[PDB]
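**Student:** This is the structure I have questions about; it appears just below.
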Amino acid sequence: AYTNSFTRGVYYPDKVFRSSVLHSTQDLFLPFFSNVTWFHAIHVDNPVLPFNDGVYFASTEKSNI
Amino acid sequence: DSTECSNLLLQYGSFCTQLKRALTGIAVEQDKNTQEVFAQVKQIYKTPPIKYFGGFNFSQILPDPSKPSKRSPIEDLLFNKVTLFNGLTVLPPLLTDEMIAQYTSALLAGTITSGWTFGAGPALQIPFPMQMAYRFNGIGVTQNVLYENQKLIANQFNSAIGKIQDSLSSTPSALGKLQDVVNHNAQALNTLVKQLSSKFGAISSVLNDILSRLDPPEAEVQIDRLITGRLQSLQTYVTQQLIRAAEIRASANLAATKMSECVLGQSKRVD
Amino acid sequence: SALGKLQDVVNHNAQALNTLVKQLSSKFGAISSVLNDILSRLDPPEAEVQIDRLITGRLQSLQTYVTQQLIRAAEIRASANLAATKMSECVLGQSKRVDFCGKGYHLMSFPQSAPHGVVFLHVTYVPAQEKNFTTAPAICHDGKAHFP
Amino acid sequence: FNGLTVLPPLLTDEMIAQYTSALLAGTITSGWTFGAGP
Amino acid sequence: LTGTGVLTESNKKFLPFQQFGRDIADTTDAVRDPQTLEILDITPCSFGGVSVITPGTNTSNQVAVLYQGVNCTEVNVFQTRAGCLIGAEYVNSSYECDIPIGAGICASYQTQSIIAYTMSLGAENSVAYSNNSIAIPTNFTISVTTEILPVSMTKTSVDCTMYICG
Amino acid sequence: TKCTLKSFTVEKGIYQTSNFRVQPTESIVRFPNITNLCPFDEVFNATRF
């Protein structure tokens, strides 16, 4: 399947504290509104996916599967 | 404060002396501008206590004895409407705000009680309606016109002064120019300080690492770049300041002329 | 120090030239400041790279100098325009502009030459010895008002 | 020197003084008029 | 992280994975201890320019010194909004200023000493206003004032190549 | 002041002669904080070689 990724995936890149300020950084991010592959945990089992440069893995589950 | 860097900076000459001279020239110029604009009157004229001038209501511009800063209400509105190291220091001005407000109050008292006289020599007192009648003649209207509409004229004037404050408060960008001056200076310094992080081609921006992870012979050529780059950045900054200072001086001369001609007298120059 | 301004102009130019000539002694990183020595005690391949520094340094010095001169020239021209206006308006006539041709009611003005500028002798009329009086805006006679 | 000169001015001081004397004579004998025409 | 300065107890909340603090323009303002994890503020130790006040070689050798961007509590002595001034005594008297120090303070030779004082903006003249009074001049005086103006500068020519390399 | 103006006679005025900067009084050992080593008392105090 497919689904656009909304404003998600941002992370603290430099572990440096800054207060009430705007900062511009060039790094590997997840572009907003980009589609992301969707998979299900029912049965088969899971294909290998290449690691181009970095992966954003989200999971919604309630059984520690 | 790196010894080796001062030792290498000695090879460029007297550049820093030269620029320092330029900046001191700018500073003294700023003080002279304020002097020229405001310090035109010789004596601090005080306003009489019984503030009745034939219906005219100057409460909005005369200094407020209530507030401690003693600025008129319009002046207070102005102060609130506009708002806002590595070897960089912003010297304070010579005339404090208080002294400038005092000069302005002097000019107001002079013009209210003496007309233009106080600008040509000894201040001569004159009743305010007659002063305005004089000015009416100045624009070619017979003075009887003023005596017959004194009440009405006074009302129009009071209402206009009242709408001024509301206009300044409601106008979103009335103070664009002063705000712009402040912002330009702040931004200039910001870029100057931020540019210290650039490497300019050197292997690193902090000198300590440069001198740590490298032998002295190669550290020399790695420090040359930082020196020249920071020097050039500073040089551009100084030039920008010279140009802006010339512009502001032109404006200040214009202000001084306006003071003399419009405040201390009556001008026939159109518009 | 009545002639501070003219003297200031002269000093600025002199000082600018002085620093420009003095800057020839700086080495800018080259092993020496004089060109002849460099061309004497070094082979052409290495003397070349030793000569680039001198060139670039002297070129920057000269560049700054000319820029400074441009700014000052604009400054002096503004001043000269003001002087011409004063000539025209105060000398060749009588000006009603307040406090332009000297403090007080202007009568006339005389120019005098100076080494790099002019000296205007403004002649002004100034009142003195004032006295109190009581006044009224109009006189009523026969029921009608008179004004002066 | 080393290539740095100081070209001379076009109007000598003497001629400037003469101009000044002309202006003085004009204003002394004729007032405003000499600036507007004859 | 290498630097110099005075360390002070901080009041800002570093996030637990953070090691640095920065103000605008990358100035490192704070740091947490690698041992006790306490936040510390960094302030560059005081520095500044020094100026000399002199009444002239020909009057006297006395001199007063002004440390501009500093307070002497960490250097006669006097404190001003412009910095702390040493060598001149502050007097309550106000005068017409000749050596401008700043923030309304000036200095001059007393005569035998260097005195700092607040400027005087002139005398007070309370003109008597009234709704029916007039002051008229009975005599006059014609004066002459001199105004000076620069008109030109030295014409200069430079030979590029000669100046460059002889 | 004479040295800056390069003149034996200085006129009345105010001159910016130099700058001062308080020096560092101390050095603070440049360290992070440790915690543990590796196996040496298990290679030299070994029971049997």
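Ligands are numbered from 1 in the order shown, chains are lettered A, B, ... in the order of the structure tokens, and residues start at 1 in each chain.
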Using only C-alpha atoms, which protein or nucleic acid residues come within 6 Å of segment 1-9 of chain D? Drop anything in the same chain fewer than 2 positions from it, and give the result as a PyMOL selection string.
**Tutor:** (chain D and resi 11) or (chain E and resi 155-159+162-163)
**Student:** Could you please tell me, as a PyMOL selection string, which residues of chain B have an atom within 6 Å of chain C when using only C-alpha atoms?
**Tutor:** chain B and resi 11-13+120+261
**Student:** Once you have the residues from the selection above, write them out as a tab-separated table (two decimals), in the first residue's frame, restricted to C-alpha atoms.
**Tutor:**
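Everything below was put into result.tsv:
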chain	number	residue	atom	x	y	z
B	11	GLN	CA	52.93	41.15	9.02
B	12	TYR	CA	50.00	42.96	7.58
B	13	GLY	CA	50.81	46.47	8.72
B	120	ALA	CA	16.62	86.20	16.45
B	261	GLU	CA	13.17	77.35	9.37
**Student:** Within chain E, find each residue whose DSSP state, derived from the backbone, is strand (DSSP E or B), and express the selection as an NGL selection string.
**Tutor:** :E and (6-9 or 20-22 or 28-32 or 39-43 or 47-54 or 64-67 or 77-80 or 83-86 or 89-90 or 95 or 99-102 or 105-109 or 114-119 or 124-125 or 133-150 or 158)
**Student:** Quick one: residues within 10 Å of residue 3 of chain A, only C-alpha atoms, excluding same-chain residues fewer than 4 positions away - as a list in words?
**Tutor:**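 That gives residues 33, 34, 35, 36, 37 and 38 of chain A.
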**Student:** Any idea what's packed within 10 Å of residue 15 of chain A, counting only C-alpha atoms, ignoring anything in its chain fewer than 3 positions away? Could you give it as an MDAnalysis selection string?
**Tutor:** (chainID A and resid 12 18) or (chainID E and resid 14:21)
**Student:** Output the selection as a PDB file, in the first residue's frame - C-alpha atoms for each residue.
**Tutor:**
ATOM      1  CA  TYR A  12      17.033  16.455  17.351  1.00  0.00           C
ATOM      2  CA  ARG A  18      18.890  26.269  22.228  1.00  0.00           C
TER       3      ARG A  18
ATOM      4  CA  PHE E  14      19.152  21.340  29.690  1.00  0.00           C
ATOM      5  CA  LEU E  15      17.453  18.334  28.207  1.00  0.00           C
ATOM      6  CA  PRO E  16      18.939  15.112  29.528  1.00  0.00           C
ATOM      7  CA  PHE E  17      20.739  14.214  26.355  1.00  0.00           C
ATOM      8  CA  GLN E  18      22.228  17.676  25.861  1.00  0.00           C
ATOM      9  CA  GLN E  19      25.783  18.733  26.505  1.00  0.00           C
ATOM     10  CA  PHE E  20      25.994  22.297  25.217  1.00  0.00           C
ATOM     11  CA  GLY E  21      24.195  25.572  25.331  1.00  0.00           C
TER      12      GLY E  21
END
**Student:** Compute the chain B side of the contact with chain E at 10 Å, counting only C-alpha atoms, and hand it back as a PyMOL selection string.
**Tutor:** chain B and resi 39+41-54+85-100+102-103+106+109-110+112-114+122-130+190-197+206+208-209
**Student:** For the residues in that selection, give me C-alpha atoms as a tab-separated table (two decimals), in the first residue's frame.
**Tutor:**
chain	number	residue	atom	x	y	z
B	39	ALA	CA	21.35	72.70	20.75
B	41	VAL	CA	18.63	77.67	21.68
B	42	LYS	CA	20.93	79.26	24.20
B	43	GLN	CA	18.71	79.61	27.28
B	44	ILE	CA	16.43	77.03	28.83
B	45	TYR	CA	13.07	78.81	28.78
B	46	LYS	CA	10.56	77.66	31.38
B	47	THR	CA	6.82	77.45	30.77
B	48	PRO	CA	4.56	79.64	32.92
B	49	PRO	CA	2.36	77.83	35.43
B	50	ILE	CA	-1.09	79.18	34.50
B	51	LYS	CA	-1.35	77.33	31.22
B	52	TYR	CA	-4.12	79.32	29.55
B	53	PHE	CA	-3.44	80.45	25.99
B	54	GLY	CA	-6.75	81.56	24.66
B	85	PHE	CA	30.99	40.03	22.64
B	86	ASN	CA	34.22	39.65	20.76
B	87	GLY	CA	35.84	43.02	21.06
B	88	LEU	CA	32.80	44.99	19.93
B	89	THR	CA	31.51	47.79	22.16
B	90	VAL	CA	28.65	50.28	21.47
B	91	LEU	CA	29.71	53.57	23.18
B	92	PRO	CA	26.85	55.46	24.90
B	93	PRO	CA	25.69	58.78	23.48
B	94	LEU	CA	26.87	62.02	24.94
B	95	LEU	CA	23.45	63.58	25.46
B	96	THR	CA	21.19	61.46	27.54
B	97	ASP	CA	17.57	61.14	26.62
B	98	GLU	CA	16.70	63.32	29.52
B	99	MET	CA	18.79	66.18	28.30
B	100	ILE	CA	17.32	66.00	24.84
B	102	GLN	CA	14.85	69.11	28.18
B	103	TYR	CA	16.04	70.90	25.09
B	106	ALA	CA	12.80	74.65	25.98
B	109	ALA	CA	8.23	77.20	25.70
B	110	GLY	CA	10.10	79.65	23.57
B	112	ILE	CA	4.70	79.43	22.64
B	113	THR	CA	5.53	82.58	24.48
B	114	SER	CA	7.74	84.53	22.14
B	122	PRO	CA	16.17	88.52	23.05
B	123	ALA	CA	12.93	86.65	23.60
B	124	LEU	CA	9.97	89.05	23.59
B	125	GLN	CA	6.68	87.88	25.10
B	126	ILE	CA	3.48	88.26	23.10
B	127	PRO	CA	-0.11	87.10	23.68
B	128	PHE	CA	-0.74	83.94	21.76
B	129	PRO	CA	-3.76	84.99	19.72
B	130	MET	CA	-1.88	88.00	18.46
B	190	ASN	CA	25.03	39.95	13.95
B	191	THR	CA	26.47	38.98	10.65
B	192	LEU	CA	29.88	40.19	11.66
B	193	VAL	CA	29.97	38.03	14.73
B	194	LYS	CA	28.45	35.07	13.04
B	195	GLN	CA	31.03	35.12	10.35
B	196	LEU	CA	33.65	34.02	12.84
B	197	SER	CA	32.48	30.47	12.46
B	206	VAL	CA	38.62	27.33	15.82
B	208	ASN	CA	43.05	26.02	18.95
B	209	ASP	CA	42.43	22.83	17.04
**Student:** Quick one: residues within 9 Å of residue 8 of chain A, only C-alpha atoms counted, chain neighbours fewer than 4 positions away excluded, as a PyMOL selection string?
**Tutor:** chain A and resi 30-32
**Student:** Taking only C-alpha atoms into account, which residues of chain E are within 8 Å of chain F, as a PDB file with N, CA and C atoms, in the first residue's frame?
**Tutor:**
ATOM      1  N   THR E   4      37.690  29.978  27.838  1.00  0.00           N
ATOM      2  CA  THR E   4      38.053  30.683  29.055  1.00  0.00           C
ATOM      3  C   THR E   4      36.908  31.573  29.500  1.00  0.00           C
ATOM      4  N   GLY E   5      36.776  31.762  30.798  1.00  0.00           N
ATOM      5  CA  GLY E   5      35.700  32.600  31.277  1.00  0.00           C
ATOM      6  C   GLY E   5      35.354  32.262  32.704  1.00  0.00           C
ATOM      7  N   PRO E  34      30.629  17.067  33.128  1.00  0.00           N
ATOM      8  CA  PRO E  34      30.654  15.639  32.848  1.00  0.00           C
ATOM      9  C   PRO E  34      30.693  14.797  34.088  1.00  0.00           C
ATOM     10  N   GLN E  35      30.833  15.387  35.264  1.00  0.00           N
ATOM     11  CA  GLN E  35      30.878  14.611  36.490  1.00  0.00           C
ATOM     12  C   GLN E  35      29.607  14.734  37.303  1.00  0.00           C
ATOM     13  N   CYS E  45      35.521  36.789  30.653  1.00  0.00           N
ATOM     14  CA  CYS E  45      35.974  37.736  31.654  1.00  0.00           C
ATOM     15  C   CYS E  45      36.092  39.135  31.064  1.00  0.00           C
ATOM     16  N   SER E  46      35.948  40.114  31.944  1.00  0.00           N
ATOM     17  CA  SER E  46      35.867  41.516  31.570  1.00  0.00           C
ATOM     18  C   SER E  46      37.062  41.981  30.769  1.00  0.00           C
ATOM     19  N   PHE E  47      36.788  42.823  29.789  1.00  0.00           N
ATOM     20  CA  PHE E  47      37.812  43.405  28.953  1.00  0.00           C
ATOM     21  C   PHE E  47      37.296  44.733  28.462  1.00  0.00           C
ATOM     22  N   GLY E  48      38.190  45.567  27.960  1.00  0.00           N
ATOM     23  CA  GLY E  48      37.708  46.842  27.477  1.00  0.00           C
ATOM     24  C   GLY E  48      38.818  47.786  27.090  1.00  0.00           C
ATOM     25  N   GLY E  49      38.391  48.923  26.565  1.00  0.00           N
ATOM     26  CA  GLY E  49      39.300  49.961  26.148  1.00  0.00           C
ATOM     27  C   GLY E  49      39.603  50.939  27.260  1.00  0.00           C
ATOM     28  N   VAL E  50      40.759  51.576  27.168  1.00  0.00           N
ATOM     29  CA  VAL E  50      41.209  52.520  28.170  1.00  0.00           C
ATOM     30  C   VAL E  50      41.499  53.840  27.488  1.00  0.00           C
ATOM     31  N   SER E  51      41.038  54.931  28.068  1.00  0.00           N
ATOM     32  CA  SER E  51      41.260  56.225  27.451  1.00  0.00           C
ATOM     33  C   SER E  51      41.908  57.189  28.414  1.00  0.00           C
ATOM     34  N   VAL E  52      42.638  58.140  27.868  1.00  0.00           N
ATOM     35  CA  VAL E  52      43.365  59.121  28.649  1.00  0.00           C
ATOM     36  C   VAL E  52      42.754  60.498  28.466  1.00  0.00           C
ATOM     37  N   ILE E  53      42.495  61.179  29.567  1.00  0.00           N
ATOM     38  CA  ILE E  53      42.028  62.549  29.580  1.00  0.00           C
ATOM     39  C   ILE E  53      43.194  63.432  29.929  1.00  0.00           C
ATOM     40  N   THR E  54      43.500  64.394  29.079  1.00  0.00           N
ATOM     41  CA  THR E  54      44.618  65.264  29.322  1.00  0.00           C
ATOM     42  C   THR E  54      44.277  66.714  29.055  1.00  0.00           C
ATOM     43  N   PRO E  55      44.684  67.624  29.933  1.00  0.00           N
ATOM     44  CA  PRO E  55      44.445  69.037  29.692  1.00  0.00           C
ATOM     45  C   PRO E  55      45.440  69.702  28.767  1.00  0.00           C
ATOM     46  N   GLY E  56      46.299  68.966  28.108  1.00  0.00           N
ATOM     47  CA  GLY E  56      47.223  69.651  27.230  1.00  0.00           C
ATOM     48  C   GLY E  56      48.635  69.570  27.762  1.00  0.00           C
ATOM     49  N   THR E  57      49.571  69.275  26.875  1.00  0.00           N
ATOM     50  CA  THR E  57      50.953  69.197  27.302  1.00  0.00           C
ATOM     51  C   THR E  57      51.396  70.506  27.893  1.00  0.00           C
ATOM     52  N   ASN E  58      50.906  71.589  27.339  1.00  0.00           N
ATOM     53  CA  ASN E  58      51.380  72.894  27.734  1.00  0.00           C
ATOM     54  C   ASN E  58      50.732  73.409  29.001  1.00  0.00           C
ATOM     55  N   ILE E  99      35.586  68.731  27.722  1.00  0.00           N
ATOM     56  CA  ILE E  99      36.124  67.414  27.416  1.00  0.00           C
ATOM     57  C   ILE E  99      35.007  66.423  27.661  1.00  0.00           C
TER      58      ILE E  99
END
**Student:** Contacts of residue 67 of chain B at 10 Å or less, counting only C-alpha atoms, minus same-chain residues fewer than 5 places along, as an MDAnalysis selection string?
**Tutor:** chainID B and resid 72:73 76
**Student:** Would you put the residues from that selection into a file with C-alpha atoms, as a compact mmCIF listing (two decimals), in the first residue's frame?
**Tutor:**
# COMPACT_ATOMS: atom_id res chain seq x y z
CA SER B 72 5.03 64.61 26.90
CA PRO B 73 2.45 61.94 26.29
CA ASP B 76 5.99 58.49 25.65
**Student:** Please provide the set of residues having any atom within 12 Å of residue 60 of chain A, restricted to only C-alpha atoms, with same-chain residues fewer than 3 positions apart removed, written as a ChimeraX atom specification.
**Tutor:** /A:38-41,57,63-65
**Student:** Select all residues from chain D having any atom no more than 7 Å from an atom of chain C (counting only C-alpha atoms, ignoring ligands), output as a PyMOL selection string.
**Tutor:** chain D and resi 17+20+24+32+35
**Student:** Quick check: residues of chain A within 9 Å of chain E, only C-alpha atoms, returned as a ChimeraX atom specification.
**Tutor:** /A:14-19,21
**Student:** Go through chain E and flag each residue having an atom no more than 6 Å from chain C; for those, report the closest pair of atoms plus their distance in Å to one decimal, using only C-alpha atoms, ordered by chain and rising number, as a Markdown table.
**Tutor:**
| residue | atom | partner | partner_atom | distance |
| --- | --- | --- | --- | --- |
| E:132 | CA | C:135 | CA | 5.4 |
| E:133 | CA | C:134 | CA | 4.7 |
| E:134 | CA | C:133 | CA | 5.1 |
| E:135 | CA | C:132 | CA | 4.6 |
| E:136 | CA | C:130 | CA | 5.1 |
| E:137 | CA | C:130 | CA | 3.8 |
| E:138 | CA | C:129 | CA | 5.5 |
| E:139 | CA | C:128 | CA | 5.2 |
| E:140 | CA | C:127 | CA | 4.2 |
| E:141 | CA | C:126 | CA | 5.3 |
| E:142 | CA | C:125 | CA | 4.5 |
| E:143 | CA | C:124 | CA | 5.4 |
| E:144 | CA | C:123 | CA | 4.6 |
| E:145 | CA | C:122 | CA | 5.3 |
| E:146 | CA | C:121 | CA | 4.8 |
| E:147 | CA | C:120 | CA | 5.2 |
| E:148 | CA | C:119 | CA | 4.6 |
| E:149 | CA | C:117 | CA | 5.2 |
| E:150 | CA | C:117 | CA | 4.1 |
| E:151 | CA | C:117 | CA | 4.5 |
| E:152 | CA | C:116 | CA | 5.7 |
**Student:** In Å, rounded to a single decimal, give me how far atom CA of residue 186 of chain B is from atom CA of residue 14 of chain B.
**Tutor:**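 These atoms are spaced 27.7 Å apart.
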**Student:** Residues of chain B within 12 Å of chain F, counting only C-alpha atoms, what are they? List them as a list in words.
**Tutor:**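 Therefore, the residues near the partner are residues 1, 17, 20, 21, 24, 28, 86 and 87 of chain B.
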**Student:** Once DSSP has gone over the backbone, tell me which residues of segment 1-250 of chain B are in helix (DSSP H, G or I), as an MDAnalysis selection string.
**Tutor:** chainID B and resid 3:9 15:38 73:81 97:114 117:120 128:138 144:147 150:170 176:197 207:212 216:250
